[PDB]
Structure formats: structure tokens, C-alpha cells
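Have a look at input33.txt below; it lists compact mmCIF, C-alpha atoms and all ligand atoms.
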```txt
# COMPACT_ATOMS: atom_id res chain seq x y z
CA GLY A 696 62.96 112.85 100.02
CA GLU A 697 60.71 115.37 98.33
CA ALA A 698 62.47 115.61 94.98
CA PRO A 699 62.10 113.03 92.26
CA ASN A 700 65.33 111.19 91.62
CA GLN A 701 66.03 111.82 87.98
CA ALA A 702 69.29 110.11 88.14
CA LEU A 703 69.74 108.40 84.83
CA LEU A 704 70.76 104.85 84.38
CA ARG A 705 72.17 104.17 81.08
CA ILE A 706 72.39 100.63 79.85
CA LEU A 707 75.18 99.60 77.61
CA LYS A 708 75.61 96.75 75.31
CA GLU A 709 78.85 95.07 75.99
CA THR A 710 80.07 95.84 72.60
CA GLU A 711 80.05 99.48 73.48
CA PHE A 712 83.26 99.09 75.38
CA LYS A 713 86.42 97.03 75.36
CA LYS A 714 88.66 95.81 78.11
CA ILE A 715 92.31 96.48 77.96
CA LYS A 716 93.74 95.35 81.17
CA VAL A 717 92.64 94.22 84.52
CA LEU A 718 93.24 96.28 87.60
CA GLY A 719 91.56 94.18 90.21
CA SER A 720 90.46 90.60 90.39
CA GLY A 721 88.55 89.00 93.15
CA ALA A 722 86.13 86.19 93.74
CA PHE A 723 83.63 88.96 93.58
CA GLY A 724 84.57 89.48 90.01
CA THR A 725 87.04 91.30 87.89
CA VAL A 726 87.36 94.98 87.17
CA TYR A 727 88.89 95.90 83.93
CA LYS A 728 90.46 99.03 82.72
CA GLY A 729 89.00 99.85 79.36
CA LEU A 730 87.41 102.17 76.96
CA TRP A 731 83.86 103.05 76.45
CA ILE A 732 82.84 104.19 73.04
CA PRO A 733 79.25 105.21 72.71
CA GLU A 734 78.01 104.61 69.28
CA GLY A 735 77.90 107.57 67.03
CA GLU A 736 79.53 109.85 69.47
CA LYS A 737 83.08 109.31 68.65
CA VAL A 738 84.97 109.58 71.82
CA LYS A 739 86.70 107.09 73.91
CA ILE A 740 85.95 107.33 77.57
CA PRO A 741 88.42 105.57 79.88
CA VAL A 742 86.54 103.54 82.32
CA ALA A 743 86.66 100.79 84.77
CA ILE A 744 84.38 97.91 83.99
CA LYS A 745 83.47 95.72 86.88
CA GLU A 746 82.31 92.34 85.75
CA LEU A 747 80.66 90.40 88.47
CA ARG A 748 80.66 86.72 89.12
CA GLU A 749 77.54 84.87 88.24
CA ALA A 750 74.66 85.45 90.58
CA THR A 751 74.05 82.28 92.64
CA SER A 752 70.76 83.47 94.04
CA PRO A 753 68.17 86.05 93.05
CA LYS A 754 69.10 87.79 96.28
CA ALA A 755 72.74 88.13 95.35
CA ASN A 756 71.54 89.44 91.98
CA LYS A 757 68.99 91.75 93.54
CA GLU A 758 71.74 93.41 95.62
CA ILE A 759 73.73 93.99 92.44
CA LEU A 760 70.91 96.12 91.17
CA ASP A 761 70.91 97.99 94.46
CA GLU A 762 74.52 98.92 94.18
CA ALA A 763 73.94 100.30 90.76
CA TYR A 764 70.91 102.00 91.97
CA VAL A 765 72.62 104.00 94.59
CA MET A 766 75.63 104.69 92.49
CA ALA A 767 73.76 106.06 89.51
CA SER A 768 71.71 108.14 91.83
CA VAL A 769 74.56 109.71 93.65
CA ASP A 770 76.07 112.84 92.39
CA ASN A 771 78.79 114.61 94.30
CA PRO A 772 82.28 115.55 93.32
CA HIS A 773 83.73 113.25 95.83
CA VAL A 774 81.87 110.05 95.29
CA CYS A 775 82.08 107.82 92.28
CA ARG A 776 79.34 107.64 89.78
CA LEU A 777 78.16 104.76 87.73
CA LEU A 778 78.46 105.62 84.10
CA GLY A 779 76.24 102.80 82.98
CA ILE A 780 75.35 99.16 83.61
CA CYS A 781 75.37 96.22 81.25
CA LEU A 782 73.05 93.32 81.79
CA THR A 783 74.93 90.29 80.61
CA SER A 784 74.45 87.08 82.53
CA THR A 785 77.28 88.48 84.55
CA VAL A 786 76.49 92.11 84.94
CA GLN A 787 79.04 94.74 84.39
CA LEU A 788 79.05 98.19 85.90
CA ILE A 789 80.77 100.87 84.03
CA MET A 790 82.48 103.55 85.93
CA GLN A 791 84.74 106.40 85.25
CA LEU A 792 88.33 105.41 85.49
CA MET A 793 90.35 106.91 88.32
CA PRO A 794 93.67 107.10 86.45
CA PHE A 795 95.72 106.92 89.57
CA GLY A 796 94.35 104.03 91.55
CA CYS A 797 93.31 104.08 95.19
CA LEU A 798 94.74 106.67 97.49
CA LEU A 799 96.04 103.89 99.71
CA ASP A 800 98.42 103.07 96.93
CA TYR A 801 99.17 106.58 96.00
CA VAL A 802 100.46 107.63 99.37
CA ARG A 803 102.76 104.75 99.48
CA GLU A 804 104.27 105.68 96.13
CA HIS A 805 104.96 109.34 96.80
CA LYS A 806 105.35 109.76 100.45
CA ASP A 807 108.40 111.58 99.31
CA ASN A 808 106.51 114.22 97.55
CA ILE A 809 103.42 114.23 99.70
CA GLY A 810 102.98 117.51 101.48
CA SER A 811 100.77 118.84 104.20
CA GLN A 812 98.41 120.77 102.00
CA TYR A 813 97.58 117.63 100.15
CA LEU A 814 96.80 115.35 103.10
CA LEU A 815 94.46 117.84 104.70
CA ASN A 816 92.66 118.55 101.43
CA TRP A 817 92.24 114.83 100.98
CA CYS A 818 90.70 114.52 104.40
CA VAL A 819 88.28 117.35 103.58
CA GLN A 820 87.33 115.78 100.32
CA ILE A 821 86.80 112.38 101.85
CA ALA A 822 84.73 114.00 104.56
CA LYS A 823 82.69 115.87 102.00
CA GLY A 824 82.10 112.70 100.13
CA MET A 825 80.99 110.87 103.22
CA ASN A 826 78.83 113.77 104.33
CA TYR A 827 76.94 113.57 101.14
CA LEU A 828 76.11 110.00 101.81
CA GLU A 829 74.87 111.01 105.20
CA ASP A 830 72.67 113.45 103.46
CA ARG A 831 71.19 110.66 101.45
CA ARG A 832 70.69 108.41 104.34
CA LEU A 833 73.28 105.98 103.17
CA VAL A 834 75.78 104.16 105.24
CA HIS A 835 78.96 103.21 103.45
CA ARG A 836 80.14 100.43 105.66
CA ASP A 837 83.46 100.13 103.91
CA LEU A 838 85.41 103.32 104.14
CA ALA A 839 89.10 102.79 103.91
CA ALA A 840 91.89 104.28 101.89
CA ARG A 841 91.81 101.44 99.49
CA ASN A 842 88.31 102.57 98.94
CA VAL A 843 89.25 106.07 97.97
CA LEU A 844 90.17 106.56 94.35
CA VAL A 845 92.41 109.25 92.99
CA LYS A 846 91.02 111.08 90.03
CA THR A 847 93.89 113.50 90.04
CA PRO A 848 96.20 113.88 92.95
CA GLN A 849 94.45 117.03 93.79
CA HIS A 850 91.07 115.28 93.62
CA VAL A 851 89.77 112.12 95.25
CA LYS A 852 86.55 110.14 95.47
CA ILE A 853 84.92 107.52 97.69
CA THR A 854 84.47 104.34 95.77
CA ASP A 855 83.02 101.21 97.22
CA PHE A 856 79.37 100.40 97.33
CA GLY A 857 79.33 96.65 97.51
CA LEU A 858 78.21 97.01 101.12
CA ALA A 859 76.39 100.30 101.03
CA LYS A 860 72.95 100.37 102.59
CA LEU A 861 70.20 102.94 102.28
CA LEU A 862 68.20 103.82 105.37
CA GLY A 863 64.53 103.96 106.22
CA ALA A 864 63.01 107.21 107.39
CA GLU A 865 62.32 105.49 110.64
CA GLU A 866 65.80 104.06 110.70
CA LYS A 867 68.84 105.40 112.41
CA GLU A 868 70.60 102.05 112.30
CA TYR A 869 71.39 99.18 109.98
CA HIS A 870 71.70 95.63 111.12
CA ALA A 871 73.51 92.92 109.18
CA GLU A 872 73.00 89.20 109.44
CA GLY A 873 76.29 88.39 107.82
CA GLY A 874 79.05 88.93 105.29
CA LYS A 875 82.79 89.47 105.08
CA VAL A 876 84.00 92.58 106.81
CA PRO A 877 87.18 94.60 107.24
CA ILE A 878 87.52 94.65 110.98
CA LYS A 879 90.27 97.10 111.62
CA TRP A 880 88.19 99.74 109.93
CA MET A 881 85.09 99.00 111.94
CA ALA A 882 83.58 100.64 115.00
CA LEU A 883 83.43 98.33 118.04
CA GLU A 884 79.64 98.23 117.88
CA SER A 885 79.60 97.07 114.34
CA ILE A 886 82.08 94.37 115.22
CA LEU A 887 80.13 93.53 118.37
CA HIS A 888 76.66 94.08 116.99
CA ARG A 889 76.78 94.42 113.26
CA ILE A 890 75.11 97.70 113.94
CA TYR A 891 75.99 100.30 111.36
CA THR A 892 75.27 103.96 111.44
CA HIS A 893 76.76 107.02 109.97
CA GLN A 894 78.71 107.21 113.16
CA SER A 895 80.18 103.78 112.58
CA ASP A 896 81.50 105.29 109.37
CA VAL A 897 83.12 108.16 111.18
CA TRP A 898 85.18 105.55 112.95
CA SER A 899 86.28 104.39 109.55
CA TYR A 900 86.87 107.90 108.42
CA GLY A 901 89.43 108.08 111.17
CA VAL A 902 91.21 104.83 110.40
CA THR A 903 91.27 106.27 106.94
CA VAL A 904 92.96 109.43 108.12
CA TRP A 905 95.43 107.39 109.97
CA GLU A 906 96.18 105.49 106.87
CA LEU A 907 96.88 108.63 104.99
CA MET A 908 98.92 110.36 107.66
CA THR A 909 101.15 107.30 108.13
CA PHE A 910 101.60 107.11 104.35
CA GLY A 911 100.05 103.73 103.87
CA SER A 912 100.70 101.98 107.11
CA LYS A 913 98.52 99.09 108.08
CA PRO A 914 96.08 99.39 110.95
CA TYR A 915 97.11 97.17 113.77
CA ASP A 916 99.93 95.73 111.69
CA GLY A 917 101.03 92.37 113.06
CA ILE A 918 97.86 92.05 115.22
CA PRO A 919 95.31 89.51 113.92
CA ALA A 920 91.76 90.62 113.17
CA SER A 921 90.41 88.26 115.87
CA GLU A 922 91.13 90.47 118.94
CA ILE A 923 90.66 93.93 117.47
CA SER A 924 87.55 94.16 119.68
CA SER A 925 89.43 93.06 122.78
CA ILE A 926 92.02 95.77 122.61
CA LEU A 927 89.44 98.19 121.44
CA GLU A 928 87.59 97.79 124.70
CA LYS A 929 90.69 97.85 126.81
CA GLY A 930 91.22 101.29 125.37
CA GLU A 931 94.00 100.70 122.91
CA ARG A 932 93.99 102.68 119.74
CA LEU A 933 96.07 103.56 116.72
CA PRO A 934 99.07 105.66 117.77
CA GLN A 935 99.78 109.23 116.82
CA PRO A 936 101.23 109.48 113.30
CA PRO A 937 104.72 111.00 113.57
CA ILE A 938 103.64 113.70 111.18
CA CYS A 939 100.69 114.67 113.27
CA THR A 940 100.15 117.42 115.76
CA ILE A 941 97.87 116.69 118.68
CA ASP A 942 95.26 118.88 117.04
CA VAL A 943 94.92 116.50 114.09
CA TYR A 944 95.49 113.31 116.00
CA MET A 945 93.01 114.44 118.54
CA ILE A 946 90.41 114.25 115.84
CA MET A 947 91.41 110.69 114.94
CA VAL A 948 90.95 109.91 118.58
CA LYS A 949 87.51 111.32 118.85
CA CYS A 950 86.54 109.18 115.95
CA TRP A 951 87.49 106.11 117.90
CA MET A 952 85.37 107.15 120.78
CA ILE A 953 83.46 104.14 122.05
CA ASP A 954 80.29 106.09 122.48
CA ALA A 955 78.87 106.55 118.97
CA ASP A 956 77.51 109.98 119.75
CA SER A 957 80.72 111.25 121.18
CA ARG A 958 82.33 110.89 117.79
CA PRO A 959 82.70 113.77 115.42
CA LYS A 960 80.27 114.21 112.61
CA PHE A 961 81.18 114.55 108.99
CA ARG A 962 79.93 118.09 108.66
CA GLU A 963 82.13 118.94 111.64
CA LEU A 964 85.07 116.98 110.29
CA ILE A 965 84.70 118.91 107.09
CA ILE A 966 84.85 122.31 108.74
CA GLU A 967 87.73 121.35 110.98
CA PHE A 968 90.05 119.90 108.40
CA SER A 969 88.84 122.70 106.26
CA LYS A 970 90.18 125.05 108.86
CA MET A 971 93.48 123.30 109.22
CA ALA A 972 93.49 123.36 105.46
CA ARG A 973 94.33 127.05 105.27
CA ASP A 974 97.36 126.82 107.47
CA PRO A 975 98.44 123.28 106.88
CA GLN A 976 101.93 123.54 108.17
CA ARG A 977 100.74 124.52 111.56
CA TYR A 978 98.95 121.21 111.97
CA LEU A 979 100.90 118.68 110.02
CA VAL A 980 104.62 118.62 110.22
CA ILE A 981 106.34 117.22 107.22
CA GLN A 982 110.07 117.52 106.69
CA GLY A 983 110.77 119.78 103.72
CA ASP A 984 107.20 120.77 103.35
CA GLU A 985 108.33 124.03 101.92
CA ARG A 986 109.82 121.99 99.14
CA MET A 987 106.52 120.56 98.04
CA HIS A 988 103.54 121.80 96.07
CA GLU A 1004 96.10 102.32 78.07
CA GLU A 1005 96.72 101.62 74.44
CA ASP A 1006 98.30 105.02 74.26
CA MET A 1007 98.27 107.61 77.00
CA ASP A 1008 96.34 109.95 74.71
CA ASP A 1009 94.52 109.06 71.47
CA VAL A 1010 91.78 111.55 70.62
CA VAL A 1011 90.21 110.13 73.70
CA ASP A 1012 89.64 113.03 75.96
CA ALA A 1013 86.88 111.99 78.16
CA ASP A 1014 84.78 111.26 81.17
CA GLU A 1015 83.55 113.84 83.55
CA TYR A 1016 83.92 116.14 80.60
CA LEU A 1017 81.69 114.22 78.23
CA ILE A 1018 78.63 114.58 80.35
CA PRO A 1019 78.61 118.33 80.59
CA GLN A 1020 79.28 121.68 78.98
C1 LIG A 1101 94.36 100.27 96.03
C2 LIG A 1101 92.90 99.84 96.02
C3 LIG A 1101 92.51 99.03 94.79
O1 LIG A 1101 92.95 97.90 94.60
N1 LIG A 1101 91.66 99.62 93.99
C4 LIG A 1101 91.18 99.07 92.91
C5 LIG A 1101 91.69 97.91 92.36
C6 LIG A 1101 91.12 97.40 91.22
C7 LIG A 1101 90.05 98.03 90.62
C8 LIG A 1101 89.55 99.18 91.16
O2 LIG A 1101 88.52 99.82 90.60
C9 LIG A 1101 88.79 100.97 90.01
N2 LIG A 1101 90.01 101.39 89.78
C10 LIG A 1101 90.18 102.56 89.18
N3 LIG A 1101 91.37 102.99 88.94
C11 LIG A 1101 92.34 102.26 89.33
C12 LIG A 1101 92.23 101.41 90.37
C13 LIG A 1101 93.31 100.66 90.73
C14 LIG A 1101 94.47 100.78 90.02
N4 LIG A 1101 95.54 100.03 90.39
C15 LIG A 1101 95.39 99.12 91.50
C16 LIG A 1101 96.21 97.89 91.25
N5 LIG A 1101 97.55 98.34 90.95
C17 LIG A 1101 98.38 97.15 90.89
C18 LIG A 1101 97.49 98.90 89.62
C19 LIG A 1101 96.79 100.22 89.72
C20 LIG A 1101 94.57 101.65 88.97
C21 LIG A 1101 93.47 102.38 88.64
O3 LIG A 1101 93.47 103.23 87.65
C22 LIG A 1101 94.28 102.59 86.74
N6 LIG A 1101 89.18 103.33 88.81
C23 LIG A 1101 87.96 102.96 89.02
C24 LIG A 1101 87.75 101.77 89.63
CL1 LIG A 1101 86.17 101.28 89.90
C25 LIG A 1101 90.12 99.69 92.30
```

File written out as C-alpha cells:
Amino acid sequence: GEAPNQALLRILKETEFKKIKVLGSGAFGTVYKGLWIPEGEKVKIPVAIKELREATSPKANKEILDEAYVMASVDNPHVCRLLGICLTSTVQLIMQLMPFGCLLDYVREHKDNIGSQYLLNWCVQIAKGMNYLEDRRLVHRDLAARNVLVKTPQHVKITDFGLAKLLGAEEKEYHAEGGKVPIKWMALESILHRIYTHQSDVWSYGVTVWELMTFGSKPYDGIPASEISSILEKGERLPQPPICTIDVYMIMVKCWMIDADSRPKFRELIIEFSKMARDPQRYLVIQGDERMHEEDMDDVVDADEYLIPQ
């Protein structure tokens, strides 16, 4: 707002990195797991390279530069950062690898060892991430568990910016002509009016909590995307996760408030899960909670968040 944005965009020649394997593939493009080796510095930084499908229009292409723009410019522990971009005919964005994949996946793999302290911390981190975006006047528009990456099980980050939009000083809303959207994560207004606001994200934040508390369950499983709005109006809502006390579920519920301004706010959500964080057991009941807490896996390739700073 006042401060100059000295976020640095580095540009990398495609020969600076190599692609080992592919994690994700989509019409949108392909994202590879690979290594980045800046010349001279000898280090190998594990990264995810997202190679994007050829730009059909200038507009499509222009939005690719927007994504990178926000992503390079955003620094917070809990949001992903662009490491660098590469301007081949099909651009590639280089990002730090999240060695564990997307939380969505993680919870499904270890429900057995997932414990209360973890789930609440995750919430807090996700809420911190999101709050930061609110601070920067950005609307994510795609929060979901799939969209949360796991750096280390103890640490997570918000990941997807394909749909992120930055807001005008005079703007408290974003309106979208069209696209492809994940309905079951959307606030009724967005589905009804393609109106997006930080509060529409909060709704998502909640579907995201539900995902995590039900260890990977699908929102409105069996129900088709078509009527999500119907039932949403009629008052239906995702049920209480078996693990959840009313206190925690009650927060998921407020998120799904129809009135946008009756929904919690990220800064609040932070403090509240932060509070439940200290005495996790009291709020989330997990059975046996007391119980719980590339080419080569390592090759003189210690890197990433560490390379950038002291
Ligand atoms: C679960 C959501 C998802 O699919 N996430 C995802 C898929 C592909 C690519 C990226 O980008 C990305 N990924 C990572 N780390 C990462 C992501 C995904 C995985 N997977 C997902 C697919 N299963 C089959 C294999 C493991 C693994 C990852 O680390 C290896 N880091 C950064 C980025 Cl941008 C996300």
C-alpha cells in the first residue's frame, strides 16, 4: 500500500533445472518434480516445476504473469512462494517442492497416526495463511485441502493461485464472468453470483476444516455439483465430523452462514483455533490420542527455504 514491493522475480533458463517425475498433470499443464541447480552455486534445490499449456490468447498469457506476480510478491510462512519463472513458449513456474504432497492426501494416508494437536495446528496455519492474503487484498477463490501443501507434517502452506485475484482499494468484491469452479467449496453467493470476497473464502476455509477433520472425506459425497446451491438454501450443511466437539464444529457452521458478514473472519479463526490449540484434547476427540505425537533421497542437495537465507 505504502511500501514498495521489492519482491524479487528471478528468471531461470530452463537448463537451470531438470525434471525427474511428474506429480500432477492436467489440461492446464503439467507440474514436475525436479531439481533446480543455479549455476555456480552448487546446490540442488528440490522444486516443483509447473509447465503450462500454450497460451491461446494474450489474455490467457497475461493472467499467467499475474499468478507469478502475486506469488513472487507474497511472503508468509504459510503460503507458497514462487522461486522463479521461466519464459519458454510455455512458461514454467518454479516453486519449492512440498515433499509430502497436499494435505488432502496426507490425512488420508495417516488418519491412523493423526492426532488432535496436529489437526488444530493445521487449521491455525491455514488460517494464518489465508489471513495474510486478506492483508494483501487478495482473494484466493480456491481454498481446499487439495490446495494445501505439506512442507513437513508439522508445517503446511496454501498453494493455488490459478484463480487468485487482487483487489482494488475501492473494491470489497470480485466478480467473475466465467471459468471452471469447485462448487462444494464455494459460498452460495459465489455460486449464485460469482461474487467473491474474503468472506467467500472463509466458507472454503470451513469446507477445508471439514475435510481435515473427516480425514479426507468428500464434501457432499454422492451428491452432484448441480444442486449444491439448492440444498445450501434449504439449510443443509456438512454434518458434524465424528471427531469434533460442538465447539469446533460450531465454527465450521458459522463459516457456512448464508450471510457473508455473519461468518467468522480469518483473524478470529486464527485466535480461536489457536486457543483450542493449547488444549487440543478438550476440543477434538480422537481415539488413542495419548498415543500420538527423487534420484536419491539425499545427495548433497540440502535446499530450499534454507538457500535463500542465513
Ligand atoms: C493432493 C493435491 C495435489 O494433487 N497436489 C498436487 C499435485 C500435483 C502437483 C502439485 O504441485 C506441487 N506439489 C508439490 N508436492 C507434491 C504435490 C503432490 C504430490 N503428490 C500428489 C500426487 N500423488 C499421486 C503423488 C504425490 C507430491 C508432492 O511432493 C512430491 N509441491 C509443490 C507443488 Cl506446486 C500438487

For the contact check between chain A and ligand LIG 1101 (chain A), emit one row per residue of chain A within 7 Å, containing the shortest atom pair and the distance in Å rounded to one decimal, counting all atoms listed in the file, chain then rising number order, as JSON lines.
```
{"residue": "A:718", "atom": "CA", "partner": "A:LIG1101", "partner_atom": "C6", "distance": 4.3}
{"residue": "A:719", "atom": "CA", "partner": "A:LIG1101", "partner_atom": "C6", "distance": 3.4}
{"residue": "A:720", "atom": "CA", "partner": "A:LIG1101", "partner_atom": "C6", "distance": 6.9}
{"residue": "A:726", "atom": "CA", "partner": "A:LIG1101", "partner_atom": "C7", "distance": 5.3}
{"residue": "A:728", "atom": "CA", "partner": "A:LIG1101", "partner_atom": "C22", "distance": 6.6}
{"residue": "A:742", "atom": "CA", "partner": "A:LIG1101", "partner_atom": "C23", "distance": 6.9}
{"residue": "A:743", "atom": "CA", "partner": "A:LIG1101", "partner_atom": "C23", "distance": 4.9}
{"residue": "A:745", "atom": "CA", "partner": "A:LIG1101", "partner_atom": "CL1", "distance": 6.9}
{"residue": "A:790", "atom": "CA", "partner": "A:LIG1101", "partner_atom": "CL1", "distance": 5.9}
{"residue": "A:791", "atom": "CA", "partner": "A:LIG1101", "partner_atom": "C23", "distance": 6.0}
{"residue": "A:792", "atom": "CA", "partner": "A:LIG1101", "partner_atom": "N6", "distance": 4.0}
{"residue": "A:793", "atom": "CA", "partner": "A:LIG1101", "partner_atom": "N6", "distance": 3.8}
{"residue": "A:794", "atom": "CA", "partner": "A:LIG1101", "partner_atom": "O3", "distance": 4.1}
{"residue": "A:795", "atom": "CA", "partner": "A:LIG1101", "partner_atom": "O3", "distance": 4.7}
{"residue": "A:796", "atom": "CA", "partner": "A:LIG1101", "partner_atom": "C21", "distance": 3.5}
{"residue": "A:797", "atom": "CA", "partner": "A:LIG1101", "partner_atom": "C1", "distance": 4.0}
{"residue": "A:798", "atom": "CA", "partner": "A:LIG1101", "partner_atom": "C1", "distance": 6.6}
{"residue": "A:799", "atom": "CA", "partner": "A:LIG1101", "partner_atom": "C1", "distance": 5.4}
{"residue": "A:800", "atom": "CA", "partner": "A:LIG1101", "partner_atom": "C1", "distance": 5.0}
{"residue": "A:841", "atom": "CA", "partner": "A:LIG1101", "partner_atom": "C2", "distance": 4.0}
{"residue": "A:842", "atom": "CA", "partner": "A:LIG1101", "partner_atom": "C2", "distance": 6.1}
{"residue": "A:844", "atom": "CA", "partner": "A:LIG1101", "partner_atom": "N6", "distance": 6.5}
{"residue": "A:854", "atom": "CA", "partner": "A:LIG1101", "partner_atom": "CL1", "distance": 6.8}
```

Taking all atoms listed in the file into account, name the residue in A:736, A:716, A:1018, A:819 that is nearest to residue 965 (chain A). A:819

Compile a residue-level contact table for region 832-883 of chain A against region 929-944 of chain A at a cut-off of 12 Å, reporting for every qualifying residue the shortest atom pair and its distance in Å to one decimal, with all atoms listed in the file counted, rows ordered by chain and ascending number, as a tab-separated table.
```
residue	atom	partner	partner_atom	distance
A:879	CA	A:933	CA	10.1
A:880	CA	A:933	CA	11.1
A:882	CA	A:932	CA	11.6
A:883	CA	A:930	CA	11.1
```

Contact residues around residue 898 (chain A) with all atoms listed in the file at 7 Å, ignoring same-chain residues under 4 positions, as a JSON list (two decimals) with C-alpha atoms, keeping the file's coordinate frame:
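File produced: result.json:
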```json
[["chain", "number", "residue", "atom", "x", "y", "z"],
["A", 881, "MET", "CA", 85.09, 99.00, 111.94],
["A", 882, "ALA", "CA", 83.58, 100.64, 115.00],
["A", 894, "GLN", "CA", 78.71, 107.21, 113.16],
["A", 902, "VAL", "CA", 91.21, 104.83, 110.40],
["A", 950, "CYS", "CA", 86.54, 109.18, 115.95],
["A", 951, "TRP", "CA", 87.49, 106.11, 117.90]]
```

CA of residue 892 (chain A) to CA of residue 759 (chain A): how many Å, to one decimal? 21.5 Å

Which residue gives the smallest distance to residue 776 (chain A) among A:804, A:703, A:825, A:918, with only C-alpha atoms counted?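 So, comparing all the options, the nearest one is A:703.
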
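Pairwise distance (CA of residue 738 (chain A), CA of residue 1010 (chain A)) equals 7.2 Å.
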
Between A:732, A:705, A:727, A:807, which residue has the minimum interatomic distance to residue 984 (chain A), considering only C-alpha atoms?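 Using only C-alpha atoms, residue 984 (chain A) sits closest to A:807.
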
Ranking A:696, A:953, A:916, A:948 by minimum distance to residue 862 (chain A) and counting all atoms listed in the file, which one comes first?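 With all atoms listed in the file as the atom set, the closest residue is A:696.
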
Between CA of residue 869 (chain A) and CA of residue 955 (chain A), what is the distance in Å, rounded to a tenth? 13.8 Å

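Residue nearest residue 821 (chain A), chosen from A:876, A:897, A:760, A:802 and counting only C-alpha atoms: A:897.
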
Cut-off 10 Å: closest region 724-815 of chain A/region 985-1007 of chain A atom pairs per residue, using only C-alpha atoms, as CSV:
```
residue,atom,partner,partner_atom,distance
A:728,CA,A:1004,CA,8.0
A:729,CA,A:1004,CA,7.6
A:730,CA,A:1004,CA,8.8
A:741,CA,A:1004,CA,8.5
A:794,CA,A:1004,CA,9.9
A:807,CA,A:987,CA,9.3
A:808,CA,A:987,CA,6.4
A:809,CA,A:987,CA,7.2
A:810,CA,A:987,CA,5.8
A:811,CA,A:987,CA,8.6
A:812,CA,A:988,CA,7.9
A:813,CA,A:988,CA,8.3
```

Considering only C-alpha atoms, can you say which of A:945, A:815, A:856, A:829 comes closest to residue 976 (chain A)?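 Result for the nearest residue to residue 976 (chain A): A:815.
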
Please work out which residues fall within 10 Å of (76.6, 114.6, 107.6), coordinates as given in the file, with only C-alpha atoms counting, and return them as a PyMOL selection string. chain A and resi 822-832+893-894+897+959-965

Using the file's own x, y and z axes, what box holds all listed atoms of region 985-1019 of chain A with 8 Å on each side, keeping edges along x, y and z, and what are its centre and edge lengths in Å to one decimal, as AutoDock Vina command-line options?
```
--center_x 94.2 --center_y 112.8 --center_z 86.3 --size_x 47.2 --size_y 38.4 --size_z 47.3
```
